[PDB]
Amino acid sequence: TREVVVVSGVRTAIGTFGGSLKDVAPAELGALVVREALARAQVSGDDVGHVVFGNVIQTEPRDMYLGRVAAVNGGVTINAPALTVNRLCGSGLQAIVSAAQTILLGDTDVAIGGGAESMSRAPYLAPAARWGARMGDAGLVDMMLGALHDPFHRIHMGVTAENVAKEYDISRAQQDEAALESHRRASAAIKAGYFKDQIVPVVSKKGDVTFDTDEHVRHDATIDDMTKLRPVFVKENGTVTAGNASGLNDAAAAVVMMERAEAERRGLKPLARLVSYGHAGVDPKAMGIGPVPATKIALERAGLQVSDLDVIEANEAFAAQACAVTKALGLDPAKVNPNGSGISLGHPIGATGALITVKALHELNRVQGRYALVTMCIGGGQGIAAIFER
């Protein structure tokens, strides 16, 4: 009966779209967190048996190799297999689940899960360039916005959040208060130095610039800042604004996992063990509540209940769906995203699931809790959830 343990977890600070990480490609963001995660774990790259990375937006040809490039350039041996996965907003946690699966099934004893996303460097496509437009204006397709639209109905993820706000009765006022609180919690967490340990600096080159602070957060935010904003996604009876929706963002993160008995052998104290995970599909139009069935599956499989959870990282894609999720599961809002989430810290799509796992495990240790839940909604109508035990 094999068990997966997490031995280290690290992330970059989360850059804003067009911001501090604009000039750093996903491959380099991924290699950075891989190298630093291995160092933190005191594990040689020669001993890694599998690498899985999450990523949604291919920014360049190397991104088709992202898992391999982040692995090898981060010092993982060329003898290790390397995968890239795409479950959209869930990709980062999927990477960690896929990597854990290779350990559980005995394929290897040591693996790395992570994610990297650069929404700053998202490309435009030219779909007529290969075979020609012949006659008539042609398109340059924004592939970032592509990621943010449902593939069946071609609506923005934000209008899907309006559907969820409607169905679960989450008011504008509730969304804006949740958004304000996320910024307040994030700001408090940055100032109290909660993120210091888990963040790897990115340094670029008067002199050297080092980016190590989550730059999306608004430290001086007020409720009127929220309430003055206009709905962006829908024309009538709208509630979702730029202020109470997640940002567009750059980041990466990675965790090193290994089989329980490997960690013991090496004398490594784990951050936590993986208890269970769950996946769900839901209506594409209501993708924001994906976490509800996924979390229930993970709880069931763990033999746990909501009250058992000490720390919850449930990505704030939009305050609309985030409020719906906590209401529907009956979560205590004080335990959910205690240090902020997508609205305040940002939502770097394919990295997010890996980076909020990193947050959850460091927070779990900080408060000496027992159980952590990590869960997020997924574009196209899905949810993913995992539960960890310290």
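Counting begins at 1, following the sequence as shown.
Trainee: Looking at the deposited sequence, how many residues between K205 and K206 were given no coordinates in the entry: none, 1 to 3, 4 to 9, or 10 or more?
Mentor: 1 to 3 residues are missing.
Trainee: Between 93-101 and 262-270, which has the higher average C-alpha B-factor in the PDB entry?
Mentor: It is 262-270.
Trainee: Comparing average C-alpha B factors as deposited, tell me which of 333-341 and 349-357 sits higher.
Mentor: Per the PDB entry, the higher value belongs to 333-341.
Trainee: Sorting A188, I112, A147, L299 by Cα temperature factor from the record, which one lands on top?
Mentor: If I rank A188, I112, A147, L299 by C-alpha B-factor, first place goes to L299.
Trainee: According to the deposited entry, which of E313, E236, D142, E215 has the largest Cα B-factor?
Mentor: Each of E313, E236, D142, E215 was compared by C-alpha B-factor; the highest is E236.
Trainee: Please rank the C-alpha B-factors of the chain's modelled residues and tell me whether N55 sits in the lowest, middle or highest third.
Mentor: CA B-factor rank for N55: lowest third.
Trainee: Ordered by C-alpha B-factor within the chain, which third holds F211? Give me lowest, middle or highest, please.
Mentor: Answer is highest: the recorded C-alpha B-factor places it there.
Trainee: Considering only modelled residues of the same chain, in which third does the CA B-factor of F152 rank: lowest, middle or highest?
Mentor: Its C-alpha B-factor, which the entry lists for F152, ranks in the highest third among residues of this chain.
Trainee: Compared with the other modelled residues in the chain, in which third is the CA B-factor of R230?
Mentor: Highest third of the chain for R230's C-alpha B-factor.
Trainee: Select lowest, middle or highest to describe the third in which the CA B-factor of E363 falls within its chain in this entry.
Mentor: As the PDB entry reports it, the C-alpha B-factor of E363 lands in the middle third of its chain.
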